[PDB]
Amino acid sequence: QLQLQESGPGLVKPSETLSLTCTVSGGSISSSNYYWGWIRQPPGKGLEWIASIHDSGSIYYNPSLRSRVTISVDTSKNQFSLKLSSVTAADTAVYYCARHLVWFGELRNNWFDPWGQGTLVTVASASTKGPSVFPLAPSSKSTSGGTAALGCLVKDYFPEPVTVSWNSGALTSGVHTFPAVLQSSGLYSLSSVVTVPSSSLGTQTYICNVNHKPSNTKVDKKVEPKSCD
Amino acid sequence: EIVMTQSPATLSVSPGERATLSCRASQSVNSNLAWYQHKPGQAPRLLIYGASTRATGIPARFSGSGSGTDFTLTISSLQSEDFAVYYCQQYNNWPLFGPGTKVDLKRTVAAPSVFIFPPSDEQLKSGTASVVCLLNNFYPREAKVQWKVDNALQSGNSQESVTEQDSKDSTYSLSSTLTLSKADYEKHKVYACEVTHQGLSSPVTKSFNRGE
Amino acid sequence: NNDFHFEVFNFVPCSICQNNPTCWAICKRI
C-alpha cells in the first residue's frame, strides 16, 4: 500500500532556508503520471498547497509561493524534496507531503490522495532546549474507586513536539497526553497521565518514555508513589 | 480569485443522526470540488472527489452533492469514530481549500473524576512547584477549575489544556497546572482544586495537605 | 480566476492533457 513519510528539521532559523524530504514507499514515483507535492497548515489557519513535481520535471506552483519554492525529485531513492527560502514566522507550520493527481481530461483531477502524516516546522530565532521530566505520583489523592491516576510532567522544552509513550509502547489504554501549553518563559510544557487499576500500583512498573527529537533528548522516568510520611 | 467558505464552523451531532455540512465558492467551480476528512494527529483522507464521487474505500454513509457555488457533504448515521475536521477543496483553477468544519459528538453528560498531584521533590530542587489537578473522562467540555491555597483563591497562575474529544467514548479530559515558587509553596499548607460542572450536583474539591 | 491556469505551471506535460484541445495547445511532449 502507498505510503508517504516526511522527514526534516523541527527548527529553522529565520532568514534562512527550510528543506524537507518525502520518502514514498509501496509504489514507485517513476515511471508514474502523478505529481508529488507539499501542503502546509500553519497553527490555527487553513491548508495551503505549495508545489508539486512530476516525474517528467514539470512543476505545478501555487503562485503566491512560487518565488520562494524549489522542489525536486530523486527518482532513484523514491524521494521528492521541498526547499522554501527566506523563512519567517509565517512559515511555521505542519508540512504534509502528498500524491497530487492532476488530469485535464473529461473529469478533472486536481486533488491530493494519499497524504503523509505531517511534520512540524518552527521558524524561531531561538535555540533548542530539551525537556525536564518529573513524575506525577500516585497517592490516596489520585485514586477513585479501584482506579488510580499517575503521569509525568514534561516541562521547559523548545520547540515542539515531544512524543510520550508508556512502558515502551506496552501501555496505551487509559493514556491521555495533553496539548502542550506555552509558558511565560517562552517554552512549552506538557503532561501525560494514565489511569491504571490501583490494585496493581506496587506491582506493575509504570515508566513514561519522553522523546524530544529537535534536541536528541530521550528520558525515561519511573513513576512511583510519593514518599507518604 | 476564488474563496471557499464552510458552515457551520463547528457542529455537535448525536451519535447516529445525519450531519450535513456545507461548502460555498465566491465564483462557480462547476463540479471541481473534493472533500477531505482529517482526524486529529492522523493524515488527511480523501472522502469525495467530483463533488458526487466517493473515493475507493469510503463508506456509503458519506455522500457529496451540489454544484457551481453550493456543495453539501452529508454523513448519515454518524459514528463516534467520525469525529474530525472536514475540508472542502475546489480545483477549478488550482487547489484551494475551505476553512473546515469541526464535527463534535454529543453524548449524555458525564461527570469528571478529579485527581490531584503534589509537586515532585525532584522539581522542588529547582525553585518551582507545579500542582496538577486532573478531570478525567467528562462531558461536556465546559468546566470551571478554581485553585485554593490555605482557602486562598488564586488568579493568573494557572493553565489548562483539554484533550481532543475521545473518538471512542466521546469524552474530554483536562489538566490544570498551578505553578508557584519553592518558597511560597512552603509558606502555605493546603492545596485544593474546586470543580464545578454539569455532571456534578454541587462543586467538588480535591485537596491534599503538604507531606500528608 | 478559473478555467485552467497553465501559467502557474512551469510547462505542462502533454501526458496529462487527454483529449483536451486547449491543453494540447501549450503542452510539451517528453
# chains A, B, ... in the order shown; residues from 1 in each chain; ligands from 1

$ residues_around --residues "residue B:82" --least-positions-apart "4" --cutoff "9 Å" --atoms "only C-alpha atoms" --output "PDB file with N, CA, C and O atoms, in the first residue's frame"
ATOM      1  N   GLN B  37     -11.390  14.269   5.008  1.00  0.00           N
ATOM      2  CA  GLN B  37     -11.572  14.030   6.436  1.00  0.00           C
ATOM      3  C   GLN B  37     -10.216  14.078   7.124  1.00  0.00           C
ATOM      4  O   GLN B  37      -9.257  13.466   6.642  1.00  0.00           O
ATOM      5  N   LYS B  39      -9.017  13.400  10.917  1.00  0.00           N
ATOM      6  CA  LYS B  39      -8.922  13.113  12.341  1.00  0.00           C
ATOM      7  C   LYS B  39      -7.649  13.672  12.947  1.00  0.00           C
ATOM      8  O   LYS B  39      -6.612  13.688  12.282  1.00  0.00           O
ATOM      9  N   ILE B  75     -23.089  13.161   6.282  1.00  0.00           N
ATOM     10  CA  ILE B  75     -22.676  11.881   6.914  1.00  0.00           C
ATOM     11  C   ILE B  75     -23.912  11.286   7.556  1.00  0.00           C
ATOM     12  O   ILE B  75     -24.257  11.703   8.676  1.00  0.00           O
ATOM     13  N   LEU B  78     -24.208   9.026  11.846  1.00  0.00           N
ATOM     14  CA  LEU B  78     -22.870   9.404  12.331  1.00  0.00           C
ATOM     15  C   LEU B  78     -22.327   8.503  13.464  1.00  0.00           C
ATOM     16  O   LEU B  78     -23.072   8.273  14.428  1.00  0.00           O
ATOM     17  N   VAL B 103     -16.464  18.559  13.437  1.00  0.00           N
ATOM     18  CA  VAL B 103     -17.656  17.760  13.793  1.00  0.00           C
ATOM     19  C   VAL B 103     -17.441  17.149  15.166  1.00  0.00           C
ATOM     20  O   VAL B 103     -16.613  16.234  15.275  1.00  0.00           O
ATOM     21  N   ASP B 104     -18.197  17.624  16.173  1.00  0.00           N
ATOM     22  CA  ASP B 104     -18.176  17.111  17.535  1.00  0.00           C
ATOM     23  C   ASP B 104     -19.303  16.115  17.731  1.00  0.00           C
ATOM     24  O   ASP B 104     -20.352  16.193  17.084  1.00  0.00           O
ATOM     25  N   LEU B 105     -19.111  15.209  18.675  1.00  0.00           N
ATOM     26  CA  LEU B 105     -20.175  14.296  19.048  1.00  0.00           C
ATOM     27  C   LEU B 105     -20.868  14.747  20.317  1.00  0.00           C
ATOM     28  O   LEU B 105     -20.271  15.360  21.212  1.00  0.00           O
ATOM     29  N   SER B 167     -12.268   9.589  20.619  1.00  0.00           N
ATOM     30  CA  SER B 167     -13.010   9.027  19.497  1.00  0.00           C
ATOM     31  C   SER B 167     -13.819   7.795  19.878  1.00  0.00           C
ATOM     32  O   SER B 167     -14.640   7.353  19.067  1.00  0.00           O
TER      33      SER B 167
END

$ interface_residues --of "chain C" --to "chain A" --cutoff "10 Å" --atoms "only C-alpha atoms" --output "PyMOL selection string"
chain C and resi 4+6-13+15-23+28+30

$ interface_residues --of "chain B" --to "chain C" --cutoff "12 Å" --atoms "only C-alpha atoms" --output "list in words"
residues 1, 2, 3, 25, 26, 27, 28, 29, 30, 32, 68, 90, 91, 92, 93, 94, 95 and 96 of chain B

$ residues_around --residues "stretch 163-165 of chain A" --least-positions-apart "5" --cutoff "12 Å" --atoms "only C-alpha atoms" --output "PyMOL selection string"
(chain A and resi 131+133+151-154+170-180+190-194+206-214+217-221) or (chain B and resi 41)

$ residues_around --residues "residue A:115" --least-positions-apart "3" --cutoff "7 Å" --atoms "only C-alpha atoms" --output "list in words"
residues 4, 96, 97, 98, 99 and 112 of chain A; 43 and 44 of chain B

$ interface_residues --of "chain B" --to "chain A" --cutoff "6 Å" --atoms "only C-alpha atoms" --output "short mmCIF file (atom, residue, chain, number, x, y, z; two decimals) with N, CA, C and O atoms, in the first residue's frame"
data_model
loop_
_atom_site.label_atom_id
_atom_site.label_comp_id
_atom_site.auth_asym_id
_atom_site.auth_seq_id
_atom_site.Cartn_x
_atom_site.Cartn_y
_atom_site.Cartn_z
N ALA B 43 -3.41 11.32 9.28
CA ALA B 43 -3.27 12.01 7.99
C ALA B 43 -4.64 12.28 7.39
O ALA B 43 -5.56 11.48 7.55
N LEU B 46 -8.92 11.46 1.65
CA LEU B 46 -9.86 11.91 0.59
C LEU B 46 -11.18 11.14 0.71
O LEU B 46 -11.15 9.90 0.56
N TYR B 91 -11.04 22.70 -7.29
CA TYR B 91 -9.84 22.59 -8.18
C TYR B 91 -10.14 23.10 -9.57
O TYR B 91 -9.47 22.69 -10.53
N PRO B 99 -12.08 26.71 4.91
CA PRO B 99 -11.58 26.84 6.27
C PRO B 99 -11.79 25.58 7.12
O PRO B 99 -11.06 25.41 8.06
N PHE B 115 -8.53 14.14 40.15
CA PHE B 115 -7.33 13.70 40.84
C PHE B 115 -6.42 14.91 41.01
O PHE B 115 -6.46 15.84 40.20
N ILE B 116 -5.60 14.89 42.06
CA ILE B 116 -4.68 15.99 42.32
C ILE B 116 -3.29 15.41 42.58
O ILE B 116 -3.15 14.31 43.12
N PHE B 117 -2.26 16.12 42.14
CA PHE B 117 -0.88 15.62 42.28
C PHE B 117 -0.03 16.71 42.94
O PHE B 117 -0.01 17.84 42.42
N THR B 163 -8.05 17.62 26.19
CA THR B 163 -7.73 16.69 25.12
C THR B 163 -8.74 16.80 23.99
O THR B 163 -9.80 17.42 24.10
#

$ residues_around --residues "residue B:189" --least-positions-apart "2" --cutoff "9 Å" --atoms "only C-alpha atoms" --output "PyMOL selection string"
chain B and resi 149-150+185-187+191+208-211

$ residues_around --residues "residue B:200" --least-positions-apart "6" --cutoff "10 Å" --atoms "only C-alpha atoms" --output "JSON, numbers by chain"
{"B": [109, 110, 111, 112]}

$ residues_around --residues "residue B:74" --least-positions-apart "6" --cutoff "10 Å" --atoms "only C-alpha atoms" --output "PyMOL selection string"
chain B and resi 18-22+61-65

$ write_last_selection --atoms "N, CA, C and O atoms" --output "CSV table (one decimal), in the first residue's frame"
chain,number,residue,atom,x,y,z
B,18,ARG,N,-27.8,12.4,11.1
B,18,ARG,CA,-27.1,12.7,9.9
B,18,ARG,C,-26.5,14.1,10.0
B,18,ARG,O,-27.4,15.0,10.0
B,19,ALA,N,-25.2,14.2,9.9
B,19,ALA,CA,-24.6,15.6,9.9
B,19,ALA,C,-24.5,16.0,8.4
B,19,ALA,O,-23.8,15.4,7.6
B,20,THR,N,-25.1,17.1,8.1
B,20,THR,CA,-25.0,17.7,6.8
B,20,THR,C,-24.1,18.9,6.9
B,20,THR,O,-24.3,19.8,7.7
B,21,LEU,N,-23.1,19.0,6.0
B,21,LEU,CA,-22.0,20.0,6.0
B,21,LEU,C,-22.0,20.8,4.7
B,21,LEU,O,-22.4,20.3,3.7
B,22,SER,N,-21.7,22.1,4.8
B,22,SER,CA,-21.8,23.0,3.6
B,22,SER,C,-20.4,23.6,3.2
B,22,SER,O,-19.7,24.1,4.1
B,61,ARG,N,-22.0,5.9,3.7
B,61,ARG,CA,-22.8,6.9,4.6
B,61,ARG,C,-22.2,8.3,4.3
B,61,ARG,O,-22.9,9.2,4.7
B,62,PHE,N,-21.1,8.4,3.6
B,62,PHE,CA,-20.6,9.7,3.2
B,62,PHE,C,-21.1,9.9,1.8
B,62,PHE,O,-20.9,9.1,0.9
B,63,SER,N,-21.7,11.1,1.6
B,63,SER,CA,-22.1,11.4,0.2
B,63,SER,C,-21.9,12.9,-0.1
B,63,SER,O,-22.1,13.7,0.8
B,64,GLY,N,-21.5,13.2,-1.3
B,64,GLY,CA,-21.3,14.7,-1.7
B,64,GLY,C,-22.4,15.1,-2.7
B,64,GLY,O,-22.7,14.3,-3.6
B,65,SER,N,-22.9,16.3,-2.6
B,65,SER,CA,-23.9,16.8,-3.6
B,65,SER,C,-23.7,18.2,-3.9
B,65,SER,O,-23.0,18.9,-3.0

$ select_by_dssp --residues "stretch 44-175 of chain A" --states "strand (DSSP E)" --output "NGL selection string"
:A and (48-54 or 59-61 or 69-74 or 79-84 or 93-103 or 109-115 or 119-123 or 132-136 or 143-144 or 147-157 or 163-166 or 175)

$ select_by_dssp --residues "chain C" --states "alpha helix (DSSP H)" --output "VMD selection string"
chain C and resid 23 to 26

$ write_last_selection --atoms "N, CA, C and O atoms" --output "compact mmCIF listing (two decimals), in the first residue's frame"
# COMPACT_ATOMS: atom_id res chain seq x y z
N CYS C 23 -5.49 22.26 -23.74
CA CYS C 23 -4.26 21.74 -23.11
C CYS C 23 -3.26 21.35 -24.20
O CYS C 23 -2.07 21.62 -24.01
N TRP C 24 -3.73 20.81 -25.32
CA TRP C 24 -2.79 20.35 -26.38
C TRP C 24 -2.20 21.54 -27.14
O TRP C 24 -1.39 21.30 -28.05
N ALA C 25 -2.62 22.76 -26.83
CA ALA C 25 -2.02 23.94 -27.48
C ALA C 25 -0.76 24.35 -26.72
O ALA C 25 0.13 24.95 -27.33
N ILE C 26 -0.63 24.07 -25.42
CA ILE C 26 0.56 24.60 -24.67
C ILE C 26 1.45 23.44 -24.22
O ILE C 26 2.61 23.68 -23.84

$ atom_distance --atom1 "atom CA of residue B:83" --atom2 "atom CA of residue A:189"
26.3 Å

$ atom_distance --atom1 "atom CA of residue B:7" --atom2 "atom CA of residue B:100"
8.2 Å

$ atom_distance --atom1 "atom CA of residue A:83" --atom2 "atom CA of residue A:17"
6.7 Å
